[PDB]
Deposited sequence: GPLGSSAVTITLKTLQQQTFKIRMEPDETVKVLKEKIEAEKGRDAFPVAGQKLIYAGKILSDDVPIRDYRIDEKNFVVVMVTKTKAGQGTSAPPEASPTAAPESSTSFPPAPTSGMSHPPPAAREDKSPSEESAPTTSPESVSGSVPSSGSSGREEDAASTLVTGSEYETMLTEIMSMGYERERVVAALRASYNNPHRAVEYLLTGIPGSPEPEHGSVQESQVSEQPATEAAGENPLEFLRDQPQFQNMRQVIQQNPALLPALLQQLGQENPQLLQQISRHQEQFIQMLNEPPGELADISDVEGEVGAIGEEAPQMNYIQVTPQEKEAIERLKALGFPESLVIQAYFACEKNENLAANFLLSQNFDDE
């Protein structure tokens, strides 16, 4: 996953490097020190001229969108749980033992009685739930959280920045049977279509349309 980059030097000596279409130009600058050598190609005056201005060395070589067709003149100069406690405890178990099992047994009489004898990753997380449950009564929390809670998970921040819209959003023969039905009082799309009910007859489609609707 590569790309030959043509590098021209003010000395009128060009060549063709390749590196990767992403390597920070900082490494590309060093690439010129090894590509041409270090006899007179330092770094202090390393400016990658590609279009009048010199390309910096802190951005990826694929940030300027260079083209092999051109060379670069580089420079080098709570309760519901208790109501449940009685729902299960009543069987005979104790009280604290019931909630304990109701904490690891789906707080239900199912596993409890058993433990009583002896964009999507965030939309489902508790963080987003507070942003989609509290915002229902406070539109000011959306931004407050988007900068606090929503600004804590980089997994969504990388998308939400560009997905803020989705994040917030979350024939002349059959015509005779239609012209008549559409004229009898029935609609059109549901009539011209439903007509193909069973045998293109006037009841399979209508008969079932009059008994199911009227």
item	value
Deposited-sequence ranges lacking C-alpha coordinates, in sequence order	1 to 5, 83 to 164, 206 to 236, 289 to 321, 366 to 368
